[PDB]
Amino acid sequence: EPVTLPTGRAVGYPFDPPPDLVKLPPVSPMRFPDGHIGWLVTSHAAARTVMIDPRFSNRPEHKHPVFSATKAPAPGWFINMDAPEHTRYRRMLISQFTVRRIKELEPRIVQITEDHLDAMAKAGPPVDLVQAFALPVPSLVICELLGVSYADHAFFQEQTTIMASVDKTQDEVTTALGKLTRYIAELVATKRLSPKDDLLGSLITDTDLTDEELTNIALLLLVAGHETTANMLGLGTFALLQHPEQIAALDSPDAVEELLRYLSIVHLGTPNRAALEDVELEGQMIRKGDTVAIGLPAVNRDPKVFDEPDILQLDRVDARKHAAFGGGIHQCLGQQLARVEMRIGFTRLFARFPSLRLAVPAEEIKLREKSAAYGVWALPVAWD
């Protein structure tokens, strides 16, 4: 019988998947919000198949929305494209996201992070880590990536904070997104006049990308990279405070990978894809026109892949099989930047405040249960 997309986390188990997801067989029929009866995939093996197989399309016309569709993806909005279209954009951006090119940003990521930790030390405790650190820091990292001027930091942060914060209406969000989008078009127009060696400057120089395509690429980087990162930083801090034996393990080489696996913040039927043909999948028959959604949090706890899947274990040997970054052609472009932001962010936070603790009971922390990026709405913390 078709299940609805599981949304309910067990009280007192904020980091673990909904029990109604973990309970399911590998491939389940799913009733979508519009009535479509598609599929939800929960095994690591079957998920991998969906992510790498070309008979699954990410074009939005073919797809039934996962919660809450017409329209070709705007030029440059390459997440929602298939090869060969996807490939053209992806090939030009590769260069900008290696270990090597991201390394150039590290010193500024460091300073941004320390700046924010300085502001927390200066205000003294208690502080909401979400607004003081987890939201702002990754937004200012994107400002650097995109080469936003310093005079425009306050504006960029304001709109980006609105989009990502609790107690904001849908109209407020939409309004902020339009301000941000207009600002990016203007930023791209300025850089066209005098291109530098930032991501956008390099692209204007080395490629035939139009203003429109650059605008959409910059926006996509913002939208895919802000809330994701912010929420790993916030929920990850939560997890570390609730499992503090792990803090001493934070320098382990795969510690950020284990946090990515355990938390699986891209948590609600994403990635999802439209079948372009009939496809057989773990003995089920997906038909042409069916939407297939992946339940990453369960993929990342698959007992055929990971030992003791439900324990947070920063020095685990098998963290790197996780799919927290997706898979296939759309596998996260910003993966290397995220990793560095998280490493730098978790490490400096705990070095500065070895005494950090939650400033309210754990039961009081509010969770982003229906949001595309799972996390906490607020994280009051204190220190000595």
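Just count from 1 along the sequence shown to find any residue number.
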Deposited residues lacking coordinates between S68 and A69 (none, 1 to 3, 4 to 9, 10 or more): 4 to 9
In the PDB record, does 192-200 or 296-304 carry the higher mean Cα temperature factor? 192-200
Tell me which of 219-227 and 305-313 has the higher mean C-alpha B-factor in the deposited entry. 305-313
Reading the B-factor column of the entry, which of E213, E85, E258, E104 has the highest value at its C-alpha atom? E104
From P271, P244, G236, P125, can you pick the one with the highest C-alpha B factor in the entry? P125
B-factor third for the C-alpha atom of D53 within its chain: middle
Among the chain's modelled residues, which third holds the C-alpha B-factor of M81? middle
Chain-wide C-alpha B factor ranking for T347, given as lowest, middle or highest third: middle
Name the third of the chain's ranked CA B-factors that contains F325, choosing lowest, middle or highest. lowest
Among the modelled residues of this chain, does the Cα B factor of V130 put it in the lowest, middle or highest third? lowest
